[PDB]
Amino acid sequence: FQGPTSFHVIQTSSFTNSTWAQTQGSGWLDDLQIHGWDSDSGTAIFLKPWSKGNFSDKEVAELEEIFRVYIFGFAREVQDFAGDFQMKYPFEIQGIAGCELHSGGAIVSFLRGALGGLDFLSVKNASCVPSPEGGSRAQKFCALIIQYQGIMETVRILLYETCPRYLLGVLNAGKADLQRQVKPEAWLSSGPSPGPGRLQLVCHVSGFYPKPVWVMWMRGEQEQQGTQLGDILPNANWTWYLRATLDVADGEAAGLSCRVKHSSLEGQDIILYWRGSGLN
């Protein structure tokens, strides 16, 4: 199957001072957002009609309540212990947790935390593992948290029992959108000159879904190894954008073409031809 193969929740908790902290949270299938968190209500926002997967409305409400209590309690506890952990304001904590489906069918769960944009801890085999970047503070944190009976058990259940069934259920529930095929469009432009007597040619590919794509500059059937793939950029409404560039000498641009291959094109590649002297 094509499309996303993992589910995760994220948290960003920004501590301005000892009496002001705010948290942002959301739920994702790879980099596609399927849940939002509404801080006005302390409840989730279901972004797709299938965002609850195969879970009952009762189980979903139970999970929303766990996250609401967690978000409030997290800020409460961090503010209470910040002095003991020698925290300097402002500071920002990030967290990600979820699970992924691998080749062979195994589902692997993960949980990572960060402080100041650096790794702070991870969960390995239902244990708190301090990250070296986290120093003695992360060691102190893990030793303190594992003594919370309720928290250790809730985390274990959510990562290893709730997440794998939720993932399978939502990959199935959302397959109309997750495994849809959206055709790219492609066009050529003449980019920023890399130097004297040199040109940059740009092949743009936009609006495709899923993300895997193949773009290359060609001279006939010869793939130009000089092709530079840009990083994949997002469009709104679950599609992607990509630039493929080629730096050439002024008199070497004639004869070039850009070829695009995508899963949605049913083996019918897009071929664009670069023409010189402002003939596009």
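Heads up, when I say rigid core I mean the largest set of C-alphas that superpose within 1.5 Å between the two forms. Note that residue numbering begins at 1 and tracks the sequence as displayed.
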Stretch farther from the shown model on average in 8 other deposited structures of this protein, with CA RMS computed after core superposition (193 to 201, 170 to 178): 193 to 201
Divergent stretch in 8 other deposited structures of this protein, 184 to 192 or 138 to 146 [C-alpha RMS, superposed by the core]: 184 to 192
Which of 265 to 273 and 20 to 28 has higher mean CA B factor, as the PDB entry lists it: 265 to 273
251 to 259 set against 31 to 39, stretch whose average Cα temperature factor tops the other in the entry: 251 to 259
Residue, from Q181, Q147, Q139, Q94, that the PDB entry assigns the highest Cα B-factor: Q147
Maximum C-alpha temperature factor, selected from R165, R198, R112, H204: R198
Modelled-residue ranking by C-alpha temperature factor, third containing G83: highest
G226 by Cα B-factor - lowest, middle or highest third of the modelled chain: highest
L121 CA temperature factor, ranked by third within the chain: lowest
Assigned third (lowest, middle, highest) for the C-alpha B factor of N237: highest
Lowest, middle or highest third - CA B-factor, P130: lowest
